[PDB]
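Okay, so here's just one chain, in structure tokens, the form solved without the named molecule.
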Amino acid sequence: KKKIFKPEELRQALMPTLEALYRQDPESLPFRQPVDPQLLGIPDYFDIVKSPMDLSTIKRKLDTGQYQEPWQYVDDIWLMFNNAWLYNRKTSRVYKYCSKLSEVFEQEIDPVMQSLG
């Protein structure tokens, strides 16, 4: 159902789910900044991931009120996870850290979504 949200109320409801990802150490560390394929020596990264997303991009979008609806925020979190599972091998540390972050997110986001509508 349609609902108009104030960015300030989105920010205050959704920020805590984002801060819960940030406090996962070491599991959030790969996700805190945009993937720099050159710095990381993964030059195939942009062949595989066409919509990169990371926690700092998501935090900037919350702080500039670029999310109109909660589901847009969730879509960016899920894009970030999907990108990491897609690029990384099932056996790799970043894949497992991604899986850990998605479990934390799933537990944090369920009640916040209920409370927004």
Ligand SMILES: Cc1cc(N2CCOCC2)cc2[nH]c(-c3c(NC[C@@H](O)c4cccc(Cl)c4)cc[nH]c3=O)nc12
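The first residue of the sequence shown is number 1, and the count goes up from there.
Here the subject shifts to the form deposited with the named molecule bound, a form of this protein not shown in this document.
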item: All of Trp71, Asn82 and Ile109 with a heavy atom within 4.5 Å of the named molecule in the deposited complex; value: yes
item: Heavy atom of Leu116 within 4.5 Å of the named molecule in the deposited complex; value: no
item: Heavy atom of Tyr67 within 4.5 Å of the named molecule in the deposited complex; value: no
